[PDB]
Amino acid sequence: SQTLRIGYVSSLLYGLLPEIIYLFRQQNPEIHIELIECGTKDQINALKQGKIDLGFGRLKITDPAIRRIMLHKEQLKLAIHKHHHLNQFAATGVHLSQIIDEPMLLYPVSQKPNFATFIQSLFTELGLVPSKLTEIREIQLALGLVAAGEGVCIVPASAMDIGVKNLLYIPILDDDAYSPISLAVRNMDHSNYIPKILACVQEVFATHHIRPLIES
């Protein structure tokens, strides 16, 4: 009985990751699985120090000791109330420069760096400043508050499946407006669970008709 410690960020549990983990565990009943909530930012040191074996995150950091495998790039969307005036762009999409003056909900409230610092940098690199930012502690709260009439919110594509009601999701047209999904492992690690879990990634992605970046 091998033990496999998998670090995850909460923002992947509403996407394909649970299904990927389930398939792996079904196919490898000998392996005891420990799922550990671990911020994208903390996974590098966790892996180095042997506290996790696999880090699933939104990692935009390469470390010399770490093999970072980019699985997917997730398009971002602007969640709006369905009768909000930006619903005119439901087909065509919007650029971030068009929405800077919207009451906008940033999430989460957690130790930095995080998805909020990422979303803020997207405006900063584009030379933009949102005038009406409010911090909300989690995406599911942000989305609910958008539905209640509190403004708009930028989310990854997979968040569209979070079942808050009466929303529309406007495609964000900007080239840099995407969030990566990453698998990180130690460079030294040649365990068979790595190719095995990558096979599960490819199979779950194919089930959902999403083309992955990697090629096994």
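Residue numbers here begin at 1 and follow the sequence given.
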* Asked: Comparing 79-87 with 103-111, which stretch shows the greater average C-alpha B-factor in the deposited entry?
  -> 103-111
* **Segment of higher mean CA temperature factor, 32-40 or 166-174** => 32-40
* **Largest Cα B-factor, entry values, listed residues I139, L145, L133, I119** => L133
* Structure fact -> Tertile call for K48 (CA temperature factor, within chain, third-based) is the middle
* To do: Quick one: classify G151 as lowest, middle or highest third of the chain based on its Cα B-factor.
  => middle
* To do: Sorting the chain's modelled residues by C-alpha B-factor, tell me whether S191 ends up in the lowest, middle or highest third.
  => lowest
* Ordered by C-alpha B-factor within the chain, which third holds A184? Give me lowest, middle or highest, please. => lowest
